[PDB]
file coords.pdb (PDB, C-alpha atoms)
ATOM      1  CA  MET B   1     101.484  83.654  69.533  1.00  0.00           C
ATOM      2  CA  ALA B   2      97.881  84.709  68.922  1.00  0.00           C
ATOM      3  CA  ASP B   3      96.363  82.067  71.199  1.00  0.00           C
ATOM      4  CA  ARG B   4      98.767  79.858  73.151  1.00  0.00           C
ATOM      5  CA  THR B   5      96.261  78.554  75.698  1.00  0.00           C
ATOM      6  CA  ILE B   6      93.666  75.817  76.179  1.00  0.00           C
ATOM      7  CA  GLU B   7      90.063  76.243  77.320  1.00  0.00           C
ATOM      8  CA  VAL B   8      88.475  73.743  79.707  1.00  0.00           C
ATOM      9  CA  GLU B   9      84.801  73.598  80.681  1.00  0.00           C
ATOM     10  CA  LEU B  10      84.447  72.635  84.345  1.00  0.00           C
ATOM     11  CA  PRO B  11      81.372  71.026  85.957  1.00  0.00           C
ATOM     12  CA  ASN B  12      78.471  73.090  87.297  1.00  0.00           C
ATOM     13  CA  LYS B  13      77.943  75.067  84.091  1.00  0.00           C
ATOM     14  CA  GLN B  14      81.324  76.732  84.600  1.00  0.00           C
ATOM     15  CA  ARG B  15      84.245  77.312  82.233  1.00  0.00           C
ATOM     16  CA  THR B  16      87.857  78.380  82.767  1.00  0.00           C
ATOM     17  CA  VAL B  17      90.875  78.963  80.529  1.00  0.00           C
ATOM     18  CA  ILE B  18      94.359  77.713  81.401  1.00  0.00           C
ATOM     19  CA  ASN B  19      97.814  78.326  79.935  1.00  0.00           C
ATOM     20  CA  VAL B  20     100.683  75.870  79.487  1.00  0.00           C
ATOM     21  CA  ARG B  21     103.969  75.502  77.608  1.00  0.00           C
ATOM     22  CA  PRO B  22     105.053  72.729  75.203  1.00  0.00           C
ATOM     23  CA  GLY B  23     106.618  70.071  77.409  1.00  0.00           C
ATOM     24  CA  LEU B  24     104.361  68.860  80.212  1.00  0.00           C
ATOM     25  CA  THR B  25     101.175  66.820  79.819  1.00  0.00           C
ATOM     26  CA  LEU B  26      97.625  68.140  80.156  1.00  0.00           C
ATOM     27  CA  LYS B  27      97.586  66.631  83.648  1.00  0.00           C
ATOM     28  CA  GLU B  28     100.495  68.790  84.811  1.00  0.00           C
ATOM     29  CA  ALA B  29      98.787  71.763  83.165  1.00  0.00           C
ATOM     30  CA  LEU B  30      95.521  71.141  85.016  1.00  0.00           C
ATOM     31  CA  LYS B  31      97.259  70.079  88.228  1.00  0.00           C
ATOM     32  CA  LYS B  32      97.010  73.594  89.661  1.00  0.00           C
ATOM     33  CA  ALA B  33      93.518  73.980  88.205  1.00  0.00           C
ATOM     34  CA  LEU B  34      92.230  70.854  89.948  1.00  0.00           C
ATOM     35  CA  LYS B  35      94.461  71.449  92.971  1.00  0.00           C
ATOM     36  CA  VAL B  36      92.635  74.615  94.027  1.00  0.00           C
ATOM     37  CA  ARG B  37      89.303  73.176  92.894  1.00  0.00           C
ATOM     38  CA  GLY B  38      89.978  70.035  94.908  1.00  0.00           C
ATOM     39  CA  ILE B  39      89.457  67.835  91.859  1.00  0.00           C
ATOM     40  CA  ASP B  40      91.206  64.471  91.552  1.00  0.00           C
ATOM     41  CA  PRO B  41      92.744  63.078  88.336  1.00  0.00           C
ATOM     42  CA  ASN B  42      91.180  59.702  89.126  1.00  0.00           C
ATOM     43  CA  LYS B  43      87.722  61.169  89.725  1.00  0.00           C
ATOM     44  CA  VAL B  44      87.320  63.166  86.512  1.00  0.00           C
ATOM     45  CA  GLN B  45      87.781  62.847  82.751  1.00  0.00           C
ATOM     46  CA  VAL B  46      88.608  65.243  79.916  1.00  0.00           C
ATOM     47  CA  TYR B  47      87.215  64.911  76.393  1.00  0.00           C
ATOM     48  CA  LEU B  48      87.832  66.826  73.166  1.00  0.00           C
ATOM     49  CA  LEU B  49      84.960  68.056  70.994  1.00  0.00           C
ATOM     50  CA  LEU B  50      85.312  68.473  67.229  1.00  0.00           C
ATOM     51  CA  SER B  51      82.211  67.802  65.132  1.00  0.00           C
ATOM     52  CA  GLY B  52      81.881  64.435  63.420  1.00  0.00           C
ATOM     53  CA  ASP B  53      85.423  63.228  62.780  1.00  0.00           C
ATOM     54  CA  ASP B  54      86.624  62.363  66.283  1.00  0.00           C
ATOM     55  CA  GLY B  55      83.265  60.802  67.096  1.00  0.00           C
ATOM     56  CA  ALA B  56      82.111  64.019  68.748  1.00  0.00           C
ATOM     57  CA  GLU B  57      83.584  64.369  72.237  1.00  0.00           C
ATOM     58  CA  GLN B  58      86.168  61.626  72.753  1.00  0.00           C
ATOM     59  CA  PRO B  59      88.383  60.572  75.691  1.00  0.00           C
ATOM     60  CA  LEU B  60      92.027  61.621  75.989  1.00  0.00           C
ATOM     61  CA  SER B  61      95.132  60.213  77.677  1.00  0.00           C
ATOM     62  CA  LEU B  62      96.649  61.898  80.730  1.00  0.00           C
ATOM     63  CA  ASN B  63     100.017  61.736  78.968  1.00  0.00           C
ATOM     64  CA  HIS B  64      98.796  64.037  76.196  1.00  0.00           C
ATOM     65  CA  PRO B  65     100.672  67.367  76.001  1.00  0.00           C
ATOM     66  CA  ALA B  66      98.481  70.442  75.542  1.00  0.00           C
ATOM     67  CA  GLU B  67     100.881  71.479  72.779  1.00  0.00           C
ATOM     68  CA  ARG B  68      99.435  68.579  70.786  1.00  0.00           C
ATOM     69  CA  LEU B  69      96.137  70.474  70.734  1.00  0.00           C
ATOM     70  CA  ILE B  70      97.036  74.043  71.694  1.00  0.00           C
ATOM     71  CA  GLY B  71      94.019  76.284  71.199  1.00  0.00           C
ATOM     72  CA  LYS B  72      91.582  73.374  71.205  1.00  0.00           C
ATOM     73  CA  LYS B  73      88.614  73.383  73.584  1.00  0.00           C
ATOM     74  CA  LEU B  74      87.933  70.506  75.978  1.00  0.00           C
ATOM     75  CA  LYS B  75      85.417  69.554  78.668  1.00  0.00           C
ATOM     76  CA  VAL B  76      86.196  68.047  82.073  1.00  0.00           C
ATOM     77  CA  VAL B  77      83.453  66.187  83.939  1.00  0.00           C
ATOM     78  CA  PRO B  78      83.438  63.885  86.995  1.00  0.00           C
ATOM     79  CA  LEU B  79      82.865  60.137  86.686  1.00  0.00           C
TER      80      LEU B  79
END
call {"tool": "encode", "arguments": {"input": "coords.pdb", "output": "structure tokens"}}
result
Amino acid sequence: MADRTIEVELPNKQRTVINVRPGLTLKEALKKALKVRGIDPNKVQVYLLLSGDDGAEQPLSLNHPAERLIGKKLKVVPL
């Protein structure tokens, strides 16, 4: 598998890696992550960073399966 996980940078200069299988959306994959952290899905946003093709850090849908970007790094910040 090499690397079957997704990295997510949390607020407060903190970063954490989470694992998920191909089927559920990123929301369901971060549910437990935000559950223990007390973070709400309607109080935060996740963006994907690339370089200069995706506009550098762009928004993503909650119905987007991690499998669609397995291994890709993302950042989650409150709004």
call {"tool": "residues_around", "arguments": {"input": "coords.pdb", "residues": "residue 41 in chain B", "least_positions_apart": "6", "cutoff": "12 Å", "atoms": "all atoms listed in the file", "output": "PyMOL selection string"}}
result
chain B and resi 26-35+61-63+76-79
call {"tool": "closest_residue", "arguments": {"input": "coords.pdb", "among": "B:50, B:10, B:24, B:60", "to": "residue 75 in chain B", "atoms": "all atoms listed in the file"}}
result
B:10
call {"tool": "resolve_selection", "arguments": {"input": "coords.pdb", "expression": "the PyMOL selection byres ((chain B and resi 9) around 9)", "output": "short mmCIF file (atom, residue, chain, number, x, y, z; two decimals) with C-alpha atoms, keeping the file's coordinate frame"}}
result
data_model
loop_
_atom_site.label_atom_id
_atom_site.label_comp_id
_atom_site.auth_asym_id
_atom_site.auth_seq_id
_atom_site.Cartn_x
_atom_site.Cartn_y
_atom_site.Cartn_z
CA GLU B 7 90.06 76.24 77.32
CA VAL B 8 88.48 73.74 79.71
CA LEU B 10 84.45 72.64 84.34
CA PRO B 11 81.37 71.03 85.96
CA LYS B 13 77.94 75.07 84.09
CA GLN B 14 81.32 76.73 84.60
CA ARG B 15 84.24 77.31 82.23
CA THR B 16 87.86 78.38 82.77
CA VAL B 17 90.88 78.96 80.53
CA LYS B 73 88.61 73.38 73.58
CA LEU B 74 87.93 70.51 75.98
CA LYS B 75 85.42 69.55 78.67
CA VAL B 76 86.20 68.05 82.07
CA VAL B 77 83.45 66.19 83.94
#
call {"tool": "resolve_selection", "arguments": {"input": "coords.pdb", "expression": "the PyMOL selection byres ((chain B and resi 20) around 10)", "output": "list in words"}}
result
residues 4, 5, 6, 18, 19, 21, 22, 23, 24, 25, 26, 28, 29, 30, 65, 66, 67 and 70 of chain B
call {"tool": "atom_distance", "arguments": {"input": "coords.pdb", "atom1": "CA of residue 53 in chain B", "atom2": "CA of residue 69 in chain B"}}
result
15.2 Å
call {"tool": "build_atoms", "arguments": {"input": "coords.pdb", "residues": "range 43-69 of chain B", "atoms": "N, CA, C and O atoms", "output": "PDB file, in the coordinates of the input"}}
result
ATOM      1  N   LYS B  43      89.139  60.972  89.441  1.00  0.00           N
ATOM      2  CA  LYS B  43      87.722  61.169  89.725  1.00  0.00           C
ATOM      3  C   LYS B  43      87.067  62.029  88.650  1.00  0.00           C
ATOM      4  O   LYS B  43      85.896  62.394  88.761  1.00  0.00           O
ATOM      5  N   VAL B  44      87.828  62.350  87.608  1.00  0.00           N
ATOM      6  CA  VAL B  44      87.320  63.166  86.512  1.00  0.00           C
ATOM      7  C   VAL B  44      87.909  62.721  85.179  1.00  0.00           C
ATOM      8  O   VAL B  44      88.879  61.965  85.139  1.00  0.00           O
ATOM      9  N   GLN B  45      87.315  63.196  84.088  1.00  0.00           N
ATOM     10  CA  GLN B  45      87.781  62.847  82.751  1.00  0.00           C
ATOM     11  C   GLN B  45      87.659  64.036  81.804  1.00  0.00           C
ATOM     12  O   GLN B  45      86.724  64.831  81.907  1.00  0.00           O
ATOM     13  N   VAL B  46      88.609  64.151  80.882  1.00  0.00           N
ATOM     14  CA  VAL B  46      88.608  65.243  79.916  1.00  0.00           C
ATOM     15  C   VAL B  46      88.426  64.720  78.495  1.00  0.00           C
ATOM     16  O   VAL B  46      89.118  63.796  78.070  1.00  0.00           O
ATOM     17  N   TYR B  47      87.490  65.317  77.767  1.00  0.00           N
ATOM     18  CA  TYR B  47      87.215  64.911  76.393  1.00  0.00           C
ATOM     19  C   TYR B  47      87.356  66.091  75.437  1.00  0.00           C
ATOM     20  O   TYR B  47      87.185  67.247  75.828  1.00  0.00           O
ATOM     21  N   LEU B  48      87.668  65.792  74.181  1.00  0.00           N
ATOM     22  CA  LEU B  48      87.832  66.826  73.166  1.00  0.00           C
ATOM     23  C   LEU B  48      86.681  66.793  72.164  1.00  0.00           C
ATOM     24  O   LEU B  48      86.353  65.742  71.613  1.00  0.00           O
ATOM     25  N   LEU B  49      86.073  67.951  71.932  1.00  0.00           N
ATOM     26  CA  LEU B  49      84.960  68.056  70.994  1.00  0.00           C
ATOM     27  C   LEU B  49      85.427  68.622  69.656  1.00  0.00           C
ATOM     28  O   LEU B  49      86.204  69.576  69.610  1.00  0.00           O
ATOM     29  N   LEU B  50      84.946  68.027  68.570  1.00  0.00           N
ATOM     30  CA  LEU B  50      85.312  68.473  67.229  1.00  0.00           C
ATOM     31  C   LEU B  50      84.069  68.745  66.389  1.00  0.00           C
ATOM     32  O   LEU B  50      83.713  69.898  66.147  1.00  0.00           O
ATOM     33  N   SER B  51      83.413  67.678  65.947  1.00  0.00           N
ATOM     34  CA  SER B  51      82.211  67.802  65.132  1.00  0.00           C
ATOM     35  C   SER B  51      81.654  66.428  64.770  1.00  0.00           C
ATOM     36  O   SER B  51      80.646  65.990  65.321  1.00  0.00           O
ATOM     37  N   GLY B  52      82.322  65.752  63.840  1.00  0.00           N
ATOM     38  CA  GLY B  52      81.881  64.435  63.420  1.00  0.00           C
ATOM     39  C   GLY B  52      83.018  63.584  62.890  1.00  0.00           C
ATOM     40  O   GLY B  52      82.791  62.600  62.186  1.00  0.00           O
ATOM     41  N   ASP B  53      84.246  63.964  63.227  1.00  0.00           N
ATOM     42  CA  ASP B  53      85.423  63.228  62.780  1.00  0.00           C
ATOM     43  C   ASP B  53      86.027  62.423  63.925  1.00  0.00           C
ATOM     44  O   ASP B  53      86.447  61.279  63.739  1.00  0.00           O
ATOM     45  N   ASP B  54      86.071  63.025  65.108  1.00  0.00           N
ATOM     46  CA  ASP B  54      86.624  62.363  66.283  1.00  0.00           C
ATOM     47  C   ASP B  54      85.528  61.651  67.072  1.00  0.00           C
ATOM     48  O   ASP B  54      85.725  61.277  68.227  1.00  0.00           O
ATOM     49  N   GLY B  55      84.374  61.467  66.439  1.00  0.00           N
ATOM     50  CA  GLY B  55      83.265  60.802  67.096  1.00  0.00           C
ATOM     51  C   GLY B  55      82.488  61.731  68.006  1.00  0.00           C
ATOM     52  O   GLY B  55      81.632  61.290  68.772  1.00  0.00           O
ATOM     53  N   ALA B  56      82.789  63.024  67.924  1.00  0.00           N
ATOM     54  CA  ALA B  56      82.111  64.019  68.748  1.00  0.00           C
ATOM     55  C   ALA B  56      82.348  63.758  70.230  1.00  0.00           C
ATOM     56  O   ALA B  56      81.717  62.884  70.824  1.00  0.00           O
ATOM     57  N   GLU B  57      83.263  64.521  70.822  1.00  0.00           N
ATOM     58  CA  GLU B  57      83.584  64.369  72.237  1.00  0.00           C
ATOM     59  C   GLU B  57      84.164  62.986  72.518  1.00  0.00           C
ATOM     60  O   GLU B  57      83.426  62.027  72.744  1.00  0.00           O
ATOM     61  N   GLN B  58      85.490  62.892  72.501  1.00  0.00           N
ATOM     62  CA  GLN B  58      86.168  61.626  72.753  1.00  0.00           C
ATOM     63  C   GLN B  58      87.141  61.753  73.921  1.00  0.00           C
ATOM     64  O   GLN B  58      87.601  62.843  74.262  1.00  0.00           O
ATOM     65  N   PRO B  59      87.462  60.613  74.551  1.00  0.00           N
ATOM     66  CA  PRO B  59      88.383  60.572  75.691  1.00  0.00           C
ATOM     67  C   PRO B  59      89.823  60.867  75.283  1.00  0.00           C
ATOM     68  O   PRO B  59      90.196  60.703  74.122  1.00  0.00           O
ATOM     69  N   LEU B  60      90.627  61.302  76.247  1.00  0.00           N
ATOM     70  CA  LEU B  60      92.027  61.621  75.989  1.00  0.00           C
ATOM     71  C   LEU B  60      92.925  61.052  77.082  1.00  0.00           C
ATOM     72  O   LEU B  60      92.498  60.878  78.224  1.00  0.00           O
ATOM     73  N   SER B  61      94.173  60.764  76.726  1.00  0.00           N
ATOM     74  CA  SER B  61      95.132  60.213  77.677  1.00  0.00           C
ATOM     75  C   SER B  61      95.713  61.311  78.561  1.00  0.00           C
ATOM     76  O   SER B  61      95.826  62.465  78.144  1.00  0.00           O
ATOM     77  N   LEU B  62      96.079  60.945  79.784  1.00  0.00           N
ATOM     78  CA  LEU B  62      96.649  61.898  80.730  1.00  0.00           C
ATOM     79  C   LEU B  62      98.075  62.270  80.336  1.00  0.00           C
ATOM     80  O   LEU B  62      98.635  63.243  80.838  1.00  0.00           O
ATOM     81  N   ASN B  63      98.657  61.488  79.432  1.00  0.00           N
ATOM     82  CA  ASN B  63     100.017  61.736  78.968  1.00  0.00           C
ATOM     83  C   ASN B  63     100.013  62.518  77.658  1.00  0.00           C
ATOM     84  O   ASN B  63     100.971  62.466  76.888  1.00  0.00           O
ATOM     85  N   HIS B  64      98.925  63.242  77.412  1.00  0.00           N
ATOM     86  CA  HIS B  64      98.796  64.037  76.196  1.00  0.00           C
ATOM     87  C   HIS B  64      99.131  65.501  76.464  1.00  0.00           C
ATOM     88  O   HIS B  64      98.441  66.195  77.210  1.00  0.00           O
ATOM     89  N   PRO B  65     100.219  65.982  75.844  1.00  0.00           N
ATOM     90  CA  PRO B  65     100.672  67.367  76.001  1.00  0.00           C
ATOM     91  C   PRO B  65      99.731  68.364  75.333  1.00  0.00           C
ATOM     92  O   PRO B  65      99.337  68.184  74.182  1.00  0.00           O
ATOM     93  N   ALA B  66      99.374  69.415  76.064  1.00  0.00           N
ATOM     94  CA  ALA B  66      98.481  70.442  75.542  1.00  0.00           C
ATOM     95  C   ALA B  66      98.970  70.960  74.194  1.00  0.00           C
ATOM     96  O   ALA B  66      98.170  71.314  73.329  1.00  0.00           O
ATOM     97  N   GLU B  67     100.287  71.002  74.023  1.00  0.00           N
ATOM     98  CA  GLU B  67     100.881  71.479  72.779  1.00  0.00           C
ATOM     99  C   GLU B  67     100.356  70.686  71.586  1.00  0.00           C
ATOM    100  O   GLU B  67     100.316  71.187  70.463  1.00  0.00           O
ATOM    101  N   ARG B  68      99.956  69.443  71.840  1.00  0.00           N
ATOM    102  CA  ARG B  68      99.435  68.579  70.786  1.00  0.00           C
ATOM    103  C   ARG B  68      98.084  69.084  70.288  1.00  0.00           C
ATOM    104  O   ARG B  68      97.638  68.723  69.198  1.00  0.00           O
ATOM    105  N   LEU B  69      97.437  69.920  71.092  1.00  0.00           N
ATOM    106  CA  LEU B  69      96.137  70.474  70.734  1.00  0.00           C
ATOM    107  C   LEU B  69      95.979  71.891  71.277  1.00  0.00           C
ATOM    108  O   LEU B  69      94.905  72.270  71.743  1.00  0.00           O
TER     109      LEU B  69
END
